[PDB]
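Colleague: based on what follows, work out the 3D shape:
(chains A, B, C, D, E, F, G and H, ligands or ions: 2)
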Protein chains: 2
Amino acid sequence: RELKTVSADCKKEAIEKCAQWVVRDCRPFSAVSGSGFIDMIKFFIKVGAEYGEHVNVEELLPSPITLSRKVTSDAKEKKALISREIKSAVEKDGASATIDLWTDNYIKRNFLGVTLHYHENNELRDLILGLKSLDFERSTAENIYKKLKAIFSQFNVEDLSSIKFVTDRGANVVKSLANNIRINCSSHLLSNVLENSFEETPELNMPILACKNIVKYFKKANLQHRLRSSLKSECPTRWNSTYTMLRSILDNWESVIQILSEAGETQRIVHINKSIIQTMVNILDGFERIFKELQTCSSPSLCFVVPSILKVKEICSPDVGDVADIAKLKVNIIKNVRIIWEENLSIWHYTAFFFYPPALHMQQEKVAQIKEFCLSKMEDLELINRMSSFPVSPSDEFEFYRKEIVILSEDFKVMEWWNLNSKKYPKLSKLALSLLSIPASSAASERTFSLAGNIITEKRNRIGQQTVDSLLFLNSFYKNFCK
Amino acid sequence: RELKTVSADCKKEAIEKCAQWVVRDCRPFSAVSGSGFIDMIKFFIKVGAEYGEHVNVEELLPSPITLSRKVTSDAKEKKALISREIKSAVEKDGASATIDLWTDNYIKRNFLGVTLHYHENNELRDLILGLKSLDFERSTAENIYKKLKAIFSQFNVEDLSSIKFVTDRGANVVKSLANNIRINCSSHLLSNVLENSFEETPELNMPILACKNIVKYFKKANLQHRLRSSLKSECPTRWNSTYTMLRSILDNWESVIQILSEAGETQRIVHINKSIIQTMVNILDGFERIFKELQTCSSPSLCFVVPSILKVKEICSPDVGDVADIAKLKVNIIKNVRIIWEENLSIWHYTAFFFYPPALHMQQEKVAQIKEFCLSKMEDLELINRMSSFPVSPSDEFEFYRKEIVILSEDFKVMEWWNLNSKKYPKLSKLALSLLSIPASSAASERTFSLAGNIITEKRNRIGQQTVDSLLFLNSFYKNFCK
DNA sequence: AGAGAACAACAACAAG
DNA sequence: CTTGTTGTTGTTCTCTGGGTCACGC
DNA sequence: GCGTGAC
DNA sequence: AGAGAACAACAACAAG
DNA sequence: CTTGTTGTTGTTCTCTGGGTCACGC
DNA sequence: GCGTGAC
Ligand SMILES: [Ca+2]
Ligand SMILES: [Ca+2]
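Modeller: Numbering: from 1, shown residues only, chains lettered A, B, ... in the order given. Ligands and ions are numbered 1, 2, ... in the order given. Pasting the structure now:
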């Protein structure tokens, strides 16, 4: 139990032996502090104890190919071992999935990611079910539903009606899921509402474009040597990338005009109203918190959809002191939130909010719709538990919860609040954590591609297909079910 | 001495423990087979032996920062320890250096690389003296000679006349070295002669451009799914990048037209004469061997400058069977070899060839020029060995070597041939291996930037300056003076 | 939000 | 009391948010 | 038809 | 040329 | 004799070859 | 002056 310390003359060796590793193999410095690498060293001292200072390591150390082959063959067995743990939650209705399409930056292989989100008891699990290549196929909705089954066919799940899928509105994906539950991702919807509004307020394009022209100059001039904060670039594909660009200009406003002077290029700046640029980033900083708020797969998110919309409507509350071209922005913002974000929201968005204890907000026409909804799914989850064989009512429980009142402390979290409740409400609280497990964003599936991007690199480009599917799933598995 | 083998049940653990490393820390498969990583494991079994299966590793394992700091502080002491070994060869005239300018793909820091090439006895050493940032400075010749001294000031060498510098003809570099020995890099000169000639034979631009337009299509169409050989792209900055592009088109000629058919885009191909495309890659394949021939820092190169020029003149020997527009190419090739490559060659290029035993080739007007040259540098190296205190003649030796005749076997290498000679010619053979140590290319300095590119990456971009200077030098040092 | 990766400016300590 | 070798915070750079389908008129 | 709307 | 990194198609072997 | 777990060759993808100075007229 | 020639 009591773990030994090594002499200060012993660690002085490790510190200069590890340094030999980094430089010769060109590895990062943070390799040593990586959790996987830490456990691997514990095993090599373990072999040195039983065997001793003289061992043949080249024969002991596997070649990378046998490592490529084990990662392949150890990934198959893991997908089987979890075959039961996955199939349990999916049939209990508590399964949430996130799918999107990607293509890698080198081989340009068309890819389909799928992540799964379910609740065990006290926590949530976000894991990579797979990343499969479509191998230069049409990428039609038909082929995606095809590959989506092939992923589920590895864990033996075949149904088409249990799972709840969240995805953006892309035509391929949206039709491929036409046969079952589909939730439009609130991150894409927000980026739609935002981006659509600036397009509809071109009066502000002159301040934005000049900024973009300022950013372009510092990059072309080999400038940005200083300011100790860089100027970010537009790149409209990135979410809320216009706020990151403006705040970078703004914080460095003092130094940028100084550099713009000596160049004689101060034409590029003087035409920008700073009063407006400020007012934009203040109004757009609230969105940035919402953008992060709705990317959370480590905690309930879908319940926060309807709350944030209100927060968007209030940050745009018209002020008489708002310079014109800003009020037009405030207008177009709230206008699109209705016809875009609100128009695409389903019953699962309000029912996730109904299960947040300070739910007194909408007691209007949304209450009866939740009633007809959560009444049917409570018996539908009761249909499952009766099949598991091997007086307080459903509707009495609907009004029962309606009277509960919880003042919101910073300690209050709806996550564990039902863990400390469910004993009283066995037949409802199960439906709640089923709803609170839905991410309401594609962010989970998005980060999968980021990880995918890390593994297939300029040097590692030769990696095909399943090797990536394996390496992603296992790194996910080892974060999920291992402490 | 006799090194132990571990039970097959023990290696089955290592093979599945190493796999845990790769997936969790996202490391490459070839990390295990890296030489630096192999030695680091030998030390951890060594600690496990003396201490045992229970040790506190987190406390034993350094944090990356202390690794960043040791790599910095271990690099300073190494440059001192080699301070004597470097200063010895430079003053004996046997030092060759290679310098070039680079800028990194992320921070856009202006950089100056320097590599050093010298002969000890039986071998040659190519190492990284340093890569130093000019920190957004004019990059004038004055600042480069400035930084070049600061590198030498770390090994204590300050002279300006011993070293022999090889570099391209860039105006910054060429003037910065105006005060001492300078050798125009034969790789840039060749790429000049080549690239200049196609510019001067536009009659061939229509076949080349259509190929480039074919390559552009497969990349834009998400094609190149097959052929099992990719089509390469022009990118004229890359050396002999036009031959790589054409051979890729040619080997896949059968499949590319098939794909060009179904698209209905077969317009892009049919106008290409395959007879010509073939004749180009055959004539340009000889250059590719010369291009690799002159990039060698692991063996004498500079001696091969004058040989290859002849080989270029013979591959262009006019054939009556050569279709026109090819003969114009052959013409412009040999025309530029004179006014470009031959015009920029100095006495060090012929004197390196004079020391190749089958030197009977030019016994014409070049013989007397070598005489006046190597006679003065032999006493100049004798000026040094007399300062080291702490009958066969120079000119008699010039004619002595002139009568030697060596038939060239595949075993024959001028490298060791003087190692088996020098006893007879002590005062000459030292001058030879001084000449044969000169790379006659900037390739050594070029690969330094490639390595530099590997260490500063998207994730590692935060690395400043000296951390790269250290990490490059040490990885070079550990290949050079460690077996 | 998650995840990788390096460092400036520190804060505990230590040998001097 | 100065120095000098360690481990702490935090901050700063980076990646996913597609280069092509489905539907209506 | 071929544009618009996601992406 | 140097250096990183993965794999197809194999060739020794092994357990069956 | 079949299978199935290992280690061999080789082949294929990748990077440096600058996005800005010096000289002459 | 500002073009050309390396890069
Ligand atoms: Ca998508
Ligand atoms: Ca250069």
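
Colleague: switch to C-alpha atoms for all contacts and neighbour counts from now on
Modeller: Will do.

Colleague: can you give the domain ranges for chain A?
Modeller: Domains of chain A are assigned by curated CATH domains as A:1-62, A:63-483.

Colleague: tell me the buried residues in stretch A:276-283?
Modeller: For stretch A:276-283, burial by neighbour count (16 or more other C-alpha atoms under 10 Å in any protein chain shown) applies to A:276, A:277, A:280, A:281, A:283.

Colleague: ditto for stretch A:170-180
Modeller: Neighbour counts using 16+ other C-alpha under 10 Å place A:172, A:173, A:174, A:175, A:176, A:177 of stretch A:170-180 among the buried residues.

Colleague: with stretch A:280-295 instead?
Modeller: Buried positions in stretch A:280-295, judged by neighbour count with 16+ other C-alpha under 10 Å: A:280, A:281, A:283, A:284, A:287, A:288, A:290, A:291, A:293, A:294, A:295.

Colleague: quick check: the first one vs chain B, distance?
Modeller: Note on residue A:280: its distance to chain B, by C-alpha to the nearest C-alpha, to the nearest Å, is 29 Å.

Colleague: so which residue of chain A comes closest to ligand 2?
Modeller: Closest to ligand 2 within chain A is residue A:222: 17.5 Å, counting by C-alpha to the ion.

Colleague: mind checking what secondary structure that residue has?
Modeller: State at residue A:222, reduced to three classes by DSSP: H, G, I helix; E, B strand; the rest coil: coil.

Colleague: my guess is it contacts residue B:108. True?
Modeller: Yes - Residue A:222 lies in contact with residue B:108 (C-alpha atoms under 8 Å); the separation is 6.8 Å.

Colleague: and the strands in chain A?
Modeller: In chain A, the segments counted as strands under DSSP state E are A:95-103, A:110-119, A:124-133, A:164-167, A:181-184.

Colleague: what does residue A:104 show for phi and psi?
Modeller: Note on residue A:104: backbone dihedrals following degrees, to the nearest 10 are phi -80, psi 150.

Colleague: quick one on the thing from earlier: using JSON lines, please lay out the buried residues of stretch A:280-295 together with distance to DNA strand H.
Modeller: JSON lines is the format used below for the buried residues of stretch A:280-295 (distance: C-alpha to the nearest atom of the strand, whole Å):
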{"residue": "A:280", "distance to DNA strand H": "41"}
{"residue": "A:281", "distance to DNA strand H": "40"}
{"residue": "A:283", "distance to DNA strand H": "45"}
{"residue": "A:284", "distance to DNA strand H": "42"}
{"residue": "A:287", "distance to DNA strand H": "44"}
{"residue": "A:288", "distance to DNA strand H": "42"}
{"residue": "A:290", "distance to DNA strand H": "47"}
{"residue": "A:291", "distance to DNA strand H": "44"}
{"residue": "A:293", "distance to DNA strand H": "48"}
{"residue": "A:294", "distance to DNA strand H": "48"}
{"residue": "A:295", "distance to DNA strand H": "45"}
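
Colleague: distance of the residue located most distally from the centre of chain A relative to residue B:47?
Modeller: The centre of chain A is farthest from one residue, residue A:54, which by C-alpha atoms, centre = their mean lies 48.2 Å away. Remark: distance between residue A:54 and residue B:47 (C-alpha to C-alpha, to the nearest Å) = 12 Å.

Colleague: one more: residue A:166?
Modeller: Distance, residue A:166 to residue B:47, by C-alpha to C-alpha: 51 Å.

Colleague: next: residue A:404.
Modeller: 61 Å.

Colleague: ditto for residue A:7
Modeller: Residue A:7 is 11 Å from residue B:47, by C-alpha to C-alpha.

Colleague: ok, residue A:352 touching residue A:434?
Modeller: No - applying C-alpha under 8 Å, one finds residue A:352 not in contact with residue A:434, separated by 9.3 Å.

Colleague: which of those two has more neighbours?
Modeller: Shown here are residue A:352 and residue A:434; by other C-alpha atoms under 10 Å in any protein chain shown, residue A:352 has more neighbours (25 against 21).

Colleague: bridging residues for residue A:55?
Modeller: Here residue A:55 sits in beta bridges with residue B:4, going by DSSP bridges.

Colleague: wait, what's in contact with it?
Modeller: B:3, B:4, B:5, B:6 (C-alpha atoms under 8 Å, 6 or more residues apart in numbering or on different chains).

Colleague: ok, now which ones touch the third one?
Modeller: Meaning residue B:5. Counting by C-alpha under 8 Å, 6+ apart, residue B:5 has contacts A:55, A:56, A:59, A:60.

Colleague: for the residue of the stretch 51-200 of chain A found nearest DNA strand F, which non-adjacent residue is closest in space?
Modeller: Relative to DNA strand F, the nearest point of the stretch 51-200 of chain A is residue A:68 (4.5 Å; C-alpha to the nearest atom of the strand). The shortest distance from residue A:68 to any non-neighbouring residue, by C-alpha to C-alpha, 6 or more residues apart in numbering or on different chains, is to residue B:29 (6.7 Å).

Colleague: what separates that neighbour from residue B:460, distance-wise?
Modeller: Look at residue B:29 and residue B:460: by C-alpha to C-alpha, they are 19 Å apart.

Colleague: which of these two has more neighbours?
Modeller: Each of residue B:29 and residue B:460 has its neighbours counted (other C-alpha under 10 Å); residue B:29 has more, 21 against 13.

Colleague: how much space between the more buried one and residue A:219?
Modeller: Computed with C-alpha to C-alpha, the distance linking residue B:29 and residue A:219 is 36 Å.

Colleague: could you do residue A:423 as well?
Modeller: For residue A:423, the distance to residue A:219 equals 61 Å [C-alpha to C-alpha].

Colleague: out of the two, which sits in the busier spot?
Modeller: Set side by side, residue A:423 and residue A:219 show more neighbours around residue A:219, with 16 against 10, by other C-alpha under 10 Å.

Colleague: distance of the closest residue to DNA strand H within the stretch 301-450 of chain A from residue A:104?
Modeller: Closest to DNA strand H within the stretch 301-450 of chain A is residue A:450: 34.7 Å, counting by C-alpha to the nearest atom of the strand. With distances taken as C-alpha to C-alpha, residue A:450 is found 10 Å from residue A:104.

Colleague: what about the two, which has more around it?
Modeller: Using other C-alpha under 10 Å as the criterion, residue A:450 and residue A:104 rank with residue A:104 on top: 17 against 11.

Colleague: pretty sure the more buried one is touching residue A:451, no?
Modeller: No - using C-alpha under 8 Å, residue A:104 is not in contact with residue A:451, being 11.1 Å away.

Colleague: all good on my end, thank you.
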